[PDB]
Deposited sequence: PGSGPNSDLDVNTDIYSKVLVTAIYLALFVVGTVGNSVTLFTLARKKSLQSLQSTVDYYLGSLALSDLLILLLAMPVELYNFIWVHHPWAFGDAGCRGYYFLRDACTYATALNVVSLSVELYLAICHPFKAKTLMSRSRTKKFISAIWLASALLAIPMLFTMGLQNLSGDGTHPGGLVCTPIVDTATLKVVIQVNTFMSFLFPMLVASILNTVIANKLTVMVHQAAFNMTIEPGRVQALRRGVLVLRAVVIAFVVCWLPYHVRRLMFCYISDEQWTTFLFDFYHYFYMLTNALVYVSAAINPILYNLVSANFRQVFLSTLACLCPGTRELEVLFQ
């Protein structure tokens, strides 16, 4: 069956694979070393160490689980799917879950930073470490809950001619067009638009209030660092995840009569692009930490 074949040249495949492996080593090393750094730490920074830690985790997972599977079955061999039903559902579930976790962690970091720069005297009277860990757990669980629909949206289908050819066994939405549009819309709003709009607003307010504070010790230095970092994280998240959601909307909103061979090949090269950006997002955070902070850089190099 040559109907499930994706027409992308070997050049793009090798290139994307190379970029993928680079982001793999840089990302995994960066995030793992980040975790180990936050482990041997020793006070709101100690809380943002949890958040950061969480983020690292949310990256590592995607780098250690999502990347190999996606490389193989989504870049190198589009059919048949080789990880079964549980792999099919679990993949997308993990994807969405980690996305939600990352976004919520970003917004939470925005709020915590705001409280850090506006009411530091009320902030030192701190939400305890235990309550912070509880909040991280709450974020993760909420992310899983919001990722639930992927367990029922995706599955295995035999898209071969007779529907009996083992090579036609692919991982795909096992749901009609309209409902798919619905869950994709929900994910686009809740994992991207809404929390990043909130985070961007909060970061603008953070910038302004930082300016006001400057106009009013090492607390100012660390605060400014946190501001620039968080800004960079929000911007990077938006930029990296923007084309991704556009593609998934493109997947279900284009009618059958409009789908040409051009739009097909383009869809898959665009898949390469958007997902490459996704892994860029998966590898960006530890790089930013090393640039802005001399300390974290020294400890990062202490491990390595």
Checklist entry - Where are the gaps relative to the deposited sequence? => result 1 to 5, 48 to 50, 225 to 232, 321 to 335
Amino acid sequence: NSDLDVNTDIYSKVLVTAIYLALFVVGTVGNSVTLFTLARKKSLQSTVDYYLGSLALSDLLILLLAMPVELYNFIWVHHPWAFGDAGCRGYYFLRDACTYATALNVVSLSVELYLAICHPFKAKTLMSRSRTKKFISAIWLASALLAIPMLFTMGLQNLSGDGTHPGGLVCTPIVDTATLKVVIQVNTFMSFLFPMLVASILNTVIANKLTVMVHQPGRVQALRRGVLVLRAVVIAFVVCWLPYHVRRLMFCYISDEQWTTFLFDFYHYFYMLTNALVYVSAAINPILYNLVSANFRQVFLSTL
From here on, numbers count along this sequence of modelled residues.
Checklist entry - Taking the recorded C-alpha temperature factors, which stretch has the higher mean, 158 to 166 or 195 to 203? => result 158 to 166
Checklist entry - As stated in the PDB record, which stretch has the larger average Cα B-factor, 246 to 254 or 43 to 51? => result 43 to 51
Checklist entry - Among 217, 87, 226, 173, where is the Cα temperature factor highest, going by the PDB entry? => result 217
Checklist entry - Among 100, 135, 121, 152, which residue carries the highest C-alpha B-factor recorded in the PDB entry? => result 121
Checklist entry - residue 38's Cα B-factor: lowest, middle or highest third of the chain? => result highest
Checklist outcome for this item: residue 209: CA temperature factor from the record, placed by chain third, in the highest
Checklist entry - For residue 271, does the deposited CA B-factor place it in the lowest, middle or highest third of the chain? => result lowest
Item to check | residue 143 CA temperature factor, ranked by third within the chain | outcome: lowest
Checklist entry - Based on the entry's values, in what third of the chain does the Cα temperature factor of residue 26 lie: lowest, middle or highest? => result middle
